[PDB]
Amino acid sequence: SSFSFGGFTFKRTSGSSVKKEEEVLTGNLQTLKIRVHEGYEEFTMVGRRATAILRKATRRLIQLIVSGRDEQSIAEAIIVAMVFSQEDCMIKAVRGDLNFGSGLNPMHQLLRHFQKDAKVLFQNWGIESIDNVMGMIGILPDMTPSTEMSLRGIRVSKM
């Protein structure tokens, strides 16, 4: 109902999920046992420097809106959401092997990997054209703003 992930507090505002153990193959053909969230869920994510709303389904990010203090704050939230979505394109953007600590499950391994360098994640996520929505703007895989295109399913609040 409320939990923390990647430094953000997630509050479920709609839906539900169940957790199912599934093996997945990373971009480096490493096998991870991840606890997959199955179901449709809406969440508020609250961090110290950014807030976001996320709508997602099983291994699928549907919508993310991010409001952040600066560009780096926004990127952090986007990475967290993209990892939390458990999308195949995220799993396959992993480069090299992930090392297997006490204190780390596979979801936190994924997160630490992409926090280190998210270029491949962003490059493989996908982009789309957007509509003009008052108070909203797109953000590109290079983290620059656009009024015309954005990362798939992702928008930035100007406030």
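The first residue of the shown sequence is 1; numbering continues from there.
The question of which stretch, 25 to 33 or 95 to 103, has the higher mean Cα B factor is settled in favour of 95 to 103. Taking the PDB entry as given, 71 to 79 carries the higher mean Cα B factor of the two stretches 71 to 79 and 84 to 92. Taking only the listed residues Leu61, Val133, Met45, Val120, the entry reports the highest CA temperature factor at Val133. Annotation for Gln109: C-alpha temperature factor in the highest third relative to the rest of the modelled chain, per the entry.
When the CA B factors of the chain's modelled residues are split into thirds, the value for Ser150 lands in the lowest one. Looking at the C-alpha B-factors along this chain, the one for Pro141 belongs to the middle third.
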